[PDB]
There are 4 protein chains.
Amino acid sequence: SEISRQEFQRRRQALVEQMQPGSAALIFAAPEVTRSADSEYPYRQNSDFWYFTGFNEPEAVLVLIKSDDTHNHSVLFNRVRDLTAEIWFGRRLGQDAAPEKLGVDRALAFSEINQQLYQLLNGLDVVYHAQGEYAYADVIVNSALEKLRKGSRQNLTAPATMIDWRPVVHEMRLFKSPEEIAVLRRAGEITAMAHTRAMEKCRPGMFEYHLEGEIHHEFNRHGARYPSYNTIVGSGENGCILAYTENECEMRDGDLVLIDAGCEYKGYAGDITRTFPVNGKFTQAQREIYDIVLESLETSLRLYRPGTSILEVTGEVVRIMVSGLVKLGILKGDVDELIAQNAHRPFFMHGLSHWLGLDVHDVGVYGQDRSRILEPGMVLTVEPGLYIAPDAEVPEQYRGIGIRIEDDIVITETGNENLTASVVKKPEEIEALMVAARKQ
Amino acid sequence: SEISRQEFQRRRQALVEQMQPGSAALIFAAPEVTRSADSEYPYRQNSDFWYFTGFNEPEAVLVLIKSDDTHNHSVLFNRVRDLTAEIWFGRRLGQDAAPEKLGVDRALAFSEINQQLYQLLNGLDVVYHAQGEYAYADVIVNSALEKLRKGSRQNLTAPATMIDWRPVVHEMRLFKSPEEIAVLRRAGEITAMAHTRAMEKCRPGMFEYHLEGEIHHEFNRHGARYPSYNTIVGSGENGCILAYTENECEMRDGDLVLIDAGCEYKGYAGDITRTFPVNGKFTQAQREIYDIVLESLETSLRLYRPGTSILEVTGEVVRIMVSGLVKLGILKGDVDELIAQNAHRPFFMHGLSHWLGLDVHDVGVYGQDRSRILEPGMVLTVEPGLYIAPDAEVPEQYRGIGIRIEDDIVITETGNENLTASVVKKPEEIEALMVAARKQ
Amino acid sequence: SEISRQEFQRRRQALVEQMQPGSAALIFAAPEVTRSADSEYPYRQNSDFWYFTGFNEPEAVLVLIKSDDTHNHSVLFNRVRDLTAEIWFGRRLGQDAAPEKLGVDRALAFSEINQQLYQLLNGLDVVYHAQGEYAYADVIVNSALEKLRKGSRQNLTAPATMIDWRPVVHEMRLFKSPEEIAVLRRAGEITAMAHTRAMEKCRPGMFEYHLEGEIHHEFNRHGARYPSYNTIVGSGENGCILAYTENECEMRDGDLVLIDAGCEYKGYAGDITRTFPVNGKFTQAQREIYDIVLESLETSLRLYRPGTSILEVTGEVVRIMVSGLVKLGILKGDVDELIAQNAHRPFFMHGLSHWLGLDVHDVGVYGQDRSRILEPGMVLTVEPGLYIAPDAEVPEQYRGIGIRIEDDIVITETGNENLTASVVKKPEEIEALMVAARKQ
Amino acid sequence: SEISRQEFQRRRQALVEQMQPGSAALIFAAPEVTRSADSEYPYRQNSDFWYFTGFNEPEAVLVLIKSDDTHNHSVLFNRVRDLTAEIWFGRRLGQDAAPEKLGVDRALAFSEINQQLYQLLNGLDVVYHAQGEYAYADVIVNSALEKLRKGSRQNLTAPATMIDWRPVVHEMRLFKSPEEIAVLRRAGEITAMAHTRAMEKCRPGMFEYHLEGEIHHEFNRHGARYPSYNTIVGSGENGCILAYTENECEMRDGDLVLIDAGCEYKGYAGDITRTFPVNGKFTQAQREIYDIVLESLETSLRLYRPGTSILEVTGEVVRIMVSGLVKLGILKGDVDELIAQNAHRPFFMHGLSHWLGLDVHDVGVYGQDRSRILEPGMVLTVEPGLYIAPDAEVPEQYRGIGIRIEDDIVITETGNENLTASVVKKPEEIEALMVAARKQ
Ligand SMILES: [Cl-]
Ligand SMILES: [Cl-]
Ligand SMILES: [Cl-]
Ligand SMILES: [Cl-]
Ligand SMILES: [Mn+2]
Ligand SMILES: [Mn+2]
Ligand SMILES: [Mn+2]
Ligand SMILES: [Mn+2]
Ligand SMILES: [Mn+2]
Ligand SMILES: [Mn+2]
Ligand SMILES: [Mn+2]
Ligand SMILES: [Mn+2]
């Protein structure tokens with residue numbers, strides 16, 4: 001599953017529909033990023049630029065011009081064909097091929113952007129620009145507007161109104177098309193396969209980074225070359241560090257390992273967390289904490305639907321957590337009083353859910369305290385966890401236990417669809433999977 | 001093999017030995033780098049900062065103060081311990097543990113650098129600073145010097161002399177210690193294992209990126225988590241693009257694949273290229289080009305030694321290439337006349353060798369046209385290639401063939417040591433390796 | 001005559017009337033400007049900031065908040081009272097006195113602008129800001145918007161729309177109130193007195209700068225401390241340099257001197273040019289050129305009125321100039337053909353008229369080729385000139401003659417009022433004035 | 001008196017003598033400065049650039065190249081001849097005339113500085129540059145060094161050492177040549193004439209700014225077009241504000257007026273302060289404070305000589321002040337105890353002396369607490385004052401009195417020469433001068 005030229009075009013048209021007549025929208029590509037000295041990190045296109053183009057080159061700018069309420073057109077600035085640059089660094093789309101390939105009306109060399117952009121903006125009323133997104137982009141836009149402002153003797157005029165298109169575009173991104181959901185479903189499947197593999201490969205004495213290696217290889221083999229975020233493999237006390245990425249320790253017989261990893265497939269993020277015993281068998285203490293986190297996740301998965309909110313579901317999770325922690329003696333007191341005091345916060349200190357899409361922490365307005373009412377087409381994670389610090393003032397057997405279990409879901413008309421349920425999470429199923437693997 | 005605290009300390013002392021009395025050297029850590037939105041790329045420390053510290057955190061500055069010719073000391077600015085930041089993002093060394101861990105005299109919070117740095121520079125004659133390396137660093141240094149310049153009523157004075165330490169430090173880096181050579185030897189071995197694996201796994205119909213996946217998994221399993229540069233897997237006509245990294249094509253029965261890949265092990269780069277038939281058997285045309293490139297590499301490996309130069313060895317390679325291309329009818333004319341006209345350049349358009357170390361294209365002065373005389377302790381690549389474009393005006397059977405073969409060597413008292421000869425390169429050995437793998 | 005608190009308030013209200021509900025307008029003071037080392041030029045407030053405040057301090061920001069269509073208020077950020085800063089550098093208005101003195105609702109310390117501005121902008125739909133006017137202002141505004149954009153977890157939101165208020169404000173400035181016209185009338189009178197003085201003081205052997213001295217002293221004595229632009233005193237060939245300000249030459253018996261000078265009175269510019277003989281008597285050649293320029297000015301003064309344009313009046317002037325130059329043999333050919341070829345341009349190369357107000361080249365849209373139809377309340381200069389270069393291919397007696405004659409006018413319902421006719425311009429009146437002075 | 005081409009050349013040579021072999025010094029002109037909108041302040045050349053050139057244009061850079069210990073040469077970058085720019089804005093020296101006019105070896109267009117500067121710096125060991133002086137200059141220098149650093153394949157190399165030339169140049173400026181002393185002597189005479197005029201013109205009911213007008217006219221008539229700093233005319237309580245420049249009040253019968261004003265003559269500053277009765281007669285209270293300030297000045301003038309210091313002379317002044325204030329009942333207690341407590345500081349809160357030259361607060365190292373031993377050729381002010389605030393807890397008759405009396409001196413072999421004693425300061429002489437003027 002992928003996103004096609006025609007869908008990128010529909011998105012551009014949907015933006016144009018929202019624009020004022022006599023306006024232009026400017027969407028800039030991500031800069032290349034140095035890793036060390038003359039070597040660069042693998043290129044990652046800006047998500048908003050990607051959303052409107054599917055074009056994976058730097059030094060590119062999409063310009064959507066809405067001349068009036070019926071007439072509009074698109075111009076792409078992009079790198080020119082250049083034999084020498086291409087022999088060295090790779091092929092470039094260039095200007096001749098771009099209109100047909102991408103479905104834009106005109107393409108111009110990026111090297112000419114300062115000579116041409118002001119001409120496209122001249123006489124317009126409004127420019128849509130994400131001010132502050134990139135320095136290089138602000139320089140280009142500010143230079144063009146200055147030429148126009150100062151050019152009255154050449155009959156030039158600048159648009160007086162600049163509107164940030166991020167709020168409009170991020171609201172578009174928040175609601176996925178069926179094609180996007182299909183891509184995210186595949187990302188979920190690929191990510192789940194990787195997590196199953198990690199559980200099947202894990203043995204005491206392996207390093208945390210070995211499981212990262214297994215996961216990344218699995219992503220690759222299905223065509224997801226890069227992860228969507230830096231993979232977390234936190235064994236033992238490291239599982240109590242939320243975004244632990246050092247992954248440098250030897251995994252010990254008797255510890256849990258928490259793996260938070262997700263692929264990037266056609267631009268879209270998977271995001272799964274599983275926690276499991278390094279030796280294939282939960283201890284009693286580990287199981288007691290795990291059961292609370294799993295009940296939190298299972299309850300959330302029953303509840304998420306149009307018309308509820310992340311805030312509302314979080315309330316149910318907090319009750320499950322406080323109730324369970326009281327039963328184990330980790331918290332002491334009356335459940336309702338403890339809930340009123342947010343007594344769970346030392347052990348569950350992050351949010352239950354975030355939006356998911358072209359970014360792992362995806363764009364879109366949450367509302368105050370994540371109170372926004374859910375609607376079909378929203379995609380979000382569900383990620384309860386409990387983290388009992390090595391020095392917590394709790395019964396000793398629970399110290400140093402970090403557990404998170406996370407699935408990705410899409411809100412549907414009828415509830416939600418779980419995109420990541422193909423990797424096991426019930427403790428007996430985890431144990432069975434690992435027992436079967438350990439016998440090979 | 002690794003680099004130890006005591007070696008980092010010896011390096012700092014070696015720099016101090018070269019500094020003027022009444023001076024301070026300032027070495028800044030790399031900034032964290034955004035990948036998309038709120039997600040960052042995996043952190044890569046600045047190579048020069050790494051060289052003097054082995055410390056893998058951002059927001060850190062090493063200050064070496066040479067008060068006079070016998071008295072000197074070191075101060076590290078680094079991130080403070082912070083429970084909340086650490087629960088979220090990972091542990092920090094902090095100030096209490098840093099002096100013993102790193103072997104510096106004093107450690108101070110990075111948050112206090114603007115309140116403290118000018119106090120360390122006050123009254124010194126010289127500051128060593130890599131101006132222009134990082135914007136954030138220039139801001140800090142410039143602010144401190146301005147405070148001092150403008151602070152005469154508070155009895156403050158700025159050092160009037162600013163010296164770029166890059167030339168001195170890069171000359172240090174150019175000559176490897178035995179410990180560095182041991183690390184590079186392991187990087188070479190790990191990289192060679194990965195290339196052997198790629199040859200054993202390659203089959204027609206696999207995608208170029210599949211071999212990248214195999215290579216990266218092999219790096220990981222030996223403790224080299226990241227590649228030293230973006231892996232190149234160029235099959236067919238893609239092998240004629242020097243740093244092709246798209247790796248997006250299906251590998252065809254009858255094509256060659258060129259793989260240029262290297263691990264980063266304890267900061268140090270491996271860098272190997274092998275070219276081999278996707279189907280395990282070179283065609284006659286492919287073998288004819290391969291033989292010329294291999295003779296170029298084998299001759300270079302015989303010749304490299306103290307007292308020669310990259311320029312001198314390149315001359316021998318150019319003769320081998322022109323002679324071979326004339327024999328096949330790719331070039332026409334008198335060999336010596338063709339050499340005088342640099343007639344090889346359409347087919348071999350890059351350098352034979354680059355320095356190798358903490359960067360894949362490592363630091364250090366080459367001399368005009370890479371004429372610097374070689375000395376023991378220098379580490380360099382040897383990477384002849386021939387690239388016959390799909391549209392080259394040559395006998396048709398050679399069009400679209402891109403071949404490079406690259407080894408990493410260290411210059412010794414007695415010649416050179418090849419760090420990467422554990423992955424095969426003779427065509428009969430490549431074929432035998434692949435035949436054996438294809439039968440499994 | 002001056003502009004009062006209540007008028008500044010009416011202007012602020014007039015701007016608020018034009019603003020969208022749920023918006024804030026930000027108007028920043030001019031920075032102080034270094035002359036040399038630690039010495040600054042005399043402070044000149046930004047004209048737009050002045051227009052809305054009459055407040056002559058730096059480090060001040062006026063914020064007009066339009067909460068909805070009936071409710072609005074103003075906040076001033078300005079320097080705090082500070083005994084030491086005030087003993088050294090002068091008194092400051094401060095926060096307690098500002099609301100009553102300036103007629104704003106609230107005043108806050110400038111030192112707190114970064115802690116407070118984002119709070120004022122939070123939740124608004126539109127911010128009016130002159131982007132690119134001042135670097136320091138852009139930094140403040142951009143920082144505030146960034147805090148808001150990134151502050152969703154603190155329930156903060158940024159206005160998505162930024163509108164340049166310059167076009168609206170400059171259209172306000174283009175049409176003067178009766179009070180502004182009264183101030184400009186006084187500026188005209190003061191400037192005219194200075195020009196009369198220069199004519200009465202001029203003698204051969206004085207330096208050009210001596211007349212600048214007389215002019216500036218006259219401005220001062222009437223309470224116009226500073227000129228509105230750098231005074232031009234161009235004698236002989238220097239009169240052919242349009243904005244000659246060196247004023248370094250000894251004025252020669254037999255040369256003309258062109259003086260372009262204007263006061264700044266309560267923020268408003270006078271702008272007069274007179275050209276006259278250094279020795280008090282025009283030569284025949286000088287008179288022949290002078291007569292053409294004077295006829296151009298006199299005709300323009302008859303014609304300027306509501307419903308015509310600078311372009312239209314310029315056409316009449318060009319005909320007068322071409323006709324006169326043909327009669328003297330400076331141009332040769334048919335007048336209408338010469339007009340069609342713009343044959344006057346080597347000798348009259350600037351515009352006839354510019355707007356006049358808080359800036360000498362005042363703000364406001366001219367229309368293409370200065371075609372905008374004139375309306376009552378517009379204030380403009382009328383400044384024909386002829387400049388015959390020392391090396392011009394013309395009859396020799398005209399070479400090196402530079403003449404400009406300039407008056408300031410206000411368009412009225414019934415034509416125009418000349419604000420500067422109290423300094424003579426008829427050649428016989430100039431001669432009589434100088435003869436009378438030279439006899440003393 | 002002026003500074004000639006040959007002296008500017010001697011200065012350049014004196015700098016070259018101090019430079020390391022294989023070095024270049026870069027000295028940049030001041031930028032033009034906006035006053036309002038498209039109008040600029042009158043141009044003021046950077047003092048250090050002026051010191052080495054006597055060239056009064058912006059967009060100019062002096063480059064002194066010391067190739068080795070016997071060979072050196074100079075290159076000027078400056079604006080090209082351009083007919084249109086010159087018809088509008090004034091004549092330019094250009095490249096053809098510059099070598100002879102200024103005495104430099106070569107001149108190049110400023111428009112070519114980025115194409116040429118790196119070529120001049122290539123292969124040098126040291127660059128002398130005043131980092132942070134001007135943004136535009138830092139951009140040019142940093143760009144050139146970056147081209148060189150990154151240009152090894154084009155055989156380019158950057159100087160690794162950057163030295164601030166300000167300390168060396170400011171030490172040069174601190175010691176005046178006989179020609180400089182002659183210029184400063186004339187500046188002193190011109191400034192003194194202006195102060196005499198102000199005393200002769202002052203009458204009750206005039207505004208403070210009227211005396212500024214008289215002073216500036218007097219500067220102008222002697223060829224000092226601009227003041228060296230903004231003129232201070234502080235009458236009554238305004239005399240207690242040290243750099244009061246509003247000069248907006250009506251001068252009252254019975255008040256003192258303090259005038260601090262100085263001309264700029266051929267680049268050099270005069271700096272005189274006189275305080276006198278607006279009505280021509282000191283009251284008893286005014287005379288009692290005046291006598292203490294005058295004794296302080298007269299004693300300082302007797303004492304200043306080679307081998308003493310500003311700190312040492314200040315000690316004598318503090319004793320005179322504390323002794324006098326005790327006698328009047330403004331201070332109470334034992335003189336030596338009061339001195340030990342710095343009890344004078346509420347009334348004399350600034351320094352006695354500053355260096356004087358191309359800047360009014362001239363360059364040069366003072367030493368801790370202005371302790372540097374004085375030597376012949378140093379030029380400094382002597383400016384005791386007493387300022388009794390309107391609300392001071394002192395006998396009522398002294399409240400609101402601000403008195404400063406300031407002369408400019410040059411240290412000679414034999415003591416000092418007073419450059420400003422031609423304007424009276426003894427109270428009986430002030431009264432006689434004013435009485436004589438008031439009778440006219
Ligand atoms: Cl391009
Ligand atoms: Cl910190
Ligand atoms: Cl403040
Ligand atoms: Cl130029
Ligand atoms: Mn998540
Ligand atoms: Mn996750
Ligand atoms: Mn290589
Ligand atoms: Mn390589
Ligand atoms: Mn004018
Ligand atoms: Mn004018
Ligand atoms: Mn002074
Ligand atoms: Mn003074």
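Below, each value reflects all heavy atoms present in this structure, side chains not excepted, and no hydrogens, waters or symmetry copies. So you know, we letter chains A, B, ... as the sequences are listed, proteins then strands, and number each from 1.
Pairs passing the side chain to side chain donor-acceptor pair (under 3.5 Å) check and including a residue from residues 84-98 of chain A, sequence neighbours excluded, read A:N78-A:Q95, A:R81-A:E86, A:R91-B:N238.
Here the closest heavy-atom approach between residue A:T34 and residue B:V33 is recorded as O-CG2, 4.1 Å. Listed here is the closest heavy atom pair of B:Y244 and B:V233: CE2-O, 3.2 Å. Taking both residues in full, the closest heavy atoms of A:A14 and A:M172 are given as CB-CE, 3.7 Å, listed atom of the first, atom of the second, then distance. Shortest non-hydrogen contact noted between A:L62 and A:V104 is CD1-CG1, 4.1 Å. Summarising the geometry of A:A187 relative to A:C263, their closest heavy-atom pair is O-SG, 3.5 Å, with the distance given to 0.1 Å. Residues B:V363 and B:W355 come closest through the heavy atom pair O-CD1, 3.5 Å.
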*Working for side-chain contact (heavy atoms from CB on, under 4.5 Å), residues A:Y268 and A:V360*: CA-CA 8 Å; A:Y268 290 85; A:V360 61; over 6 Å; no

*Stepwise side-chain contact (heavy atoms from CB on, under 4.5 Å) test for A:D164 and A:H129*: CA-CA 5 Å; A:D164 187 358; A:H129 171 57; over 6 Å; no

*Can B:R35 and B:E40 be said to form a salt bridge (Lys or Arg N to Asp or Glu O under 4.0 Å), step by step?*
CA-CA 5 Å; B:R35 182 165 183 275; B:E40 300 165 11; over 6 Å; no

_Walk me through whether A:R12 and A:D105 qualify under salt bridge (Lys or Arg N to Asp or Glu O under 4.0 Å)._
CA-CA 12 Å; A:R12 293 190 294 259; A:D105 297 307; over 6 Å; no

*I would like to know whether A:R221 and B:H210 meet side-chain contact (heavy atoms from CB on, under 4.5 Å); could you show each step before the answer?*
CA-CA 6 Å; A:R221 78 181 198 86; B:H210 287 134; 4.3 Å; yes

*Yes or no on side-chain contact (heavy atoms from CB on, under 4.5 Å) for A:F89 and B:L242, after CA distance, side-chain angles and deciding distance?*
CA-CA 7 Å; A:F89 303 119; B:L242 297 183; over 6 Å; no

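No side-chain donor-acceptor contact under 3.5 Å links B:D253 to the backbone of B:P204. Remark: side-chain polar atoms of B:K201 are not paired, donor with acceptor, to backbone N or O of B:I215 under 3.5 angstrom. In this structure, A:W165 contributes its side chain and A:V127 its backbone to no donor-acceptor pair below 3.5 Å. Formation of a donor-acceptor pair under 3.5 Å by the A:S228 side chain with backbone atoms of A:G262 is found in this model. Put simply, the side chain of A:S23 never gets that close to the backbone of A:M19: no donor and acceptor are under 3.5 Å apart. Formation of a donor-acceptor pair under 3.5 Å by the A:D138 side chain with backbone atoms of A:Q131 is not found in this model.
Using a cut-off of 4.0 Å between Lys/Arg side-chain N and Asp/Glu carboxylate O, A:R11 and A:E180 are scored as salt-bridged. Salt-bridge annotation for A:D38 and D:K150: absent, with no side-chain N of the basic residue lying under 4.0 Å from a carboxylate O of the acidic one. Electrostatic pairing of A:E100 and A:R5 counts as a salt bridge here, judged by a charged N lying under 4.0 Å from a carboxylate O.
Side-chain N/O atoms of A:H222 and A:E218 include a donor and acceptor closer than 3.5 Å. Checking B:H361 against A:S39 by side-chain atom types alone, no donor-acceptor pair falls below 3.5 Å. Under 3.5 Å, the side chains of A:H170 and A:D362 contain no donor-acceptor pair of N or O atoms. A side-chain N or O of B:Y134 and one of B:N46 form a donor-acceptor pair less than 3.5 Å apart. Under the 3.5 Å distance criterion, with hydrogens and angles disregarded, no donor-acceptor pair is assigned to the side chains of B:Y209 and B:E248. The closest side-chain donor-acceptor pair between A:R44 and A:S47 falls under 3.5 angstrom. Donor-acceptor pairing under 3.5 Å is lacking for the side chains of A:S1 and A:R186. With 3.5 Å as the limit, one finds no donor-acceptor pair spanning the side chains of A:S4 and A:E179. Checking B:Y41 against A:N230 by side-chain atom types alone, no donor-acceptor pair falls below 3.5 Å.
Considering only heavy atoms from C-beta on, B:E208 comes within 4.5 Å of B:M251 through its side chain. Side-chain contact between A:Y43 and A:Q45 is present, with heavy atoms from C-beta onward closer than 4.5 Å. Residues B:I241 and B:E246 form no side-chain contact, since every pair of their non-hydrogen atoms from C-beta on lies 4.5 Å or further apart. Put simply, the side chain of A:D48 reaches to within 4.5 Å of the side chain of A:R173, judged on heavy atoms. Side-chain contact check for B:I232 versus B:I259: every heavy-atom pair is 4.5 Å or farther apart. A:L145 has its side chain within reach of A:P159: a pair of non-hydrogen atoms, C-beta onward, lies under 4.5 Å apart. Residues A:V61 and A:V75 fail the side-chain proximity criterion, which asks for heavy atoms closer than 4.5 Å. Annotation: side chain of B:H217 is in contact with side chain of B:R197 (closest heavy-atom distance under 4.5 Å).
Within a 6.0 Å sphere centred on CZ of B:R399, other residues, nucleotides and ligands contribute more than 12 heavy atoms. Counting heavy-atom neighbours within 6.0 Å of A:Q6 CD, excluding the residue itself, gives a total above 12. Counting non-hydrogen atoms of other residues, nucleotides and ligands closer than 6.0 Å to CZ of B:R345 gives a total of 12 or fewer.
The side chain to side chain contact (heavy atoms under 4.5 Å, CB included) check on B:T283 picks up B:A285, B:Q286, with sequence neighbours excluded.
Checking each of A:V63, A:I65, A:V16 against A:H73 for a side chain to side chain contact (heavy atoms under 4.5 Å, CB included) leaves exactly one that passes, namely A:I65.
A:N220 CG to B:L211 CG: the interatomic distance, rounded to the nearest 0.5 Å, is 9.0 Å. A distance of 6.5 Å separates CZ of A:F8 from CD1 of A:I3, quoted to the nearest 0.5 Å. Residue A:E264 holds its CD atom at 8.0 Å from CG of A:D359, rounded to the nearest 0.5 Å. Separating the OH atom in D:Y118 from the CG atom in D:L156 is a distance of 6.5 Å, to the nearest 0.5 Å. Note that the CD atom of A:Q18 and the CD1 atom of A:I163 stand 11.5 Å from one another [nearest 0.5 Å]. We find the OG1-CZ distance between A:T191 and A:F219 to be 4.5 Å, quoted to the nearest 0.5 Å.
The cationic atom of B:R370 (NZ for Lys, CZ for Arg) lies less than 6.0 Å from the six-membered ring centre of B:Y366 and within 45° of the ring axis.
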Residues 380-387 of chain B side chain polar contacts: donor-acceptor under 3.5 Å, at least two apart:
unit_1	atom_1	unit_2	atom_2	d
B:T381	OG1	B:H354	N	3.2
B:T381	OG1	B:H354	NE2	3.3
B:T381	OG1	B:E383	OE2	2.9
B:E383	OE2	B:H354	NE2	2.9
B:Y387	OH	B:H350	NE2	2.6
B:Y387	OH	B:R404	NH1	2.9

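You'll find the ring centres of A:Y136 and A:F28 inside the 6.0 Å limit.
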